[PDB]
Structure formats: C-alpha cells, structure tokens
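Chains as they are written, first to last, in the authors' numbering: chain B, 1 to 28; chain A, 1 to 28; chain C, 1 to 28.
For every residue, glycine included, the Cβ atom is placed at its ideal position computed from N, Cα and C.
This report concerns only the one structure given below.
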Amino acid sequence: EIXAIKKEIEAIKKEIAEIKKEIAXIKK
Amino acid sequence: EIXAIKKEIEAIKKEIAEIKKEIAXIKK
Amino acid sequence: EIXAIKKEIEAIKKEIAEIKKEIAXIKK
Ligand SMILES: [Cu+2]
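Shown next, in the form of structure tokens:
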C-alpha cells in the first residue's frame, strides 16, 4: 500500500510541476 | 495513520482540480 | 518510510497554498 501511496504522491508532484509551468507562462 | 495519509491525498487531489478550474477562469 | 511520506505531503500542502495565493495575485 505504501508503494501505491508513493505512486500517487509522485503523480501529484508531476501535476503540480506542470501547473507551475503554466503560471510562469501566464506571467510572461 | 495510513488512513490519515489517504485522507490527505484525496483532499490534495480535489484542490488541484479546483486550481485548474481557477486558472481556466482567469484565462477566459 | 512514513516519516518521509508525511514530509512530502506537508511540503505539497505548502506548495498548493502558495499557488492559491499567487494565482489570486495574477491579473490577466
Ligand atoms: Cu482556488
């Protein structure tokens, strides 16, 4: 279960990283 | 403990969904 | 392992709160 939790956490970090890229794009 | 962690991940997923909708609202 | 998972979740929460504040600051 811990492995599956580490899997969901890794996808959340990747999705947040993409959200930060769009915010940086909107700023420009 | 692990249940507590599960409730945090589900709450995090819902905020990320709301953040995407808020970004879409600002673009419009 | 659990100590590291809580540390990542606590950091993700802090990142989401920063994103919500910064998104409100943006003017299209
Ligand atoms: Cu919001």
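Alpha carbon of residue i to alpha carbon of residue j, nearest angstrom
i              : j              : result
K6 of chain A  : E18 of chain C : 22 Å
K27 of chain B : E15 of chain C : 18 Å
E8 of chain B  : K21 of chain C : 24 Å
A4 of chain A  : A4 of chain C  : 14 Å
Check: residue i C-beta below 7 Å from any heavy atom of ligand 1
i              : result
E15 of chain B : no
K6 of chain B  : no
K20 of chain A : no
Proximity below 8 Å, CB of residue i to CB of residue j
i              : j              : result
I12 of chain A : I12 of chain B : yes
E10 of chain A : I2 of chain C  : no
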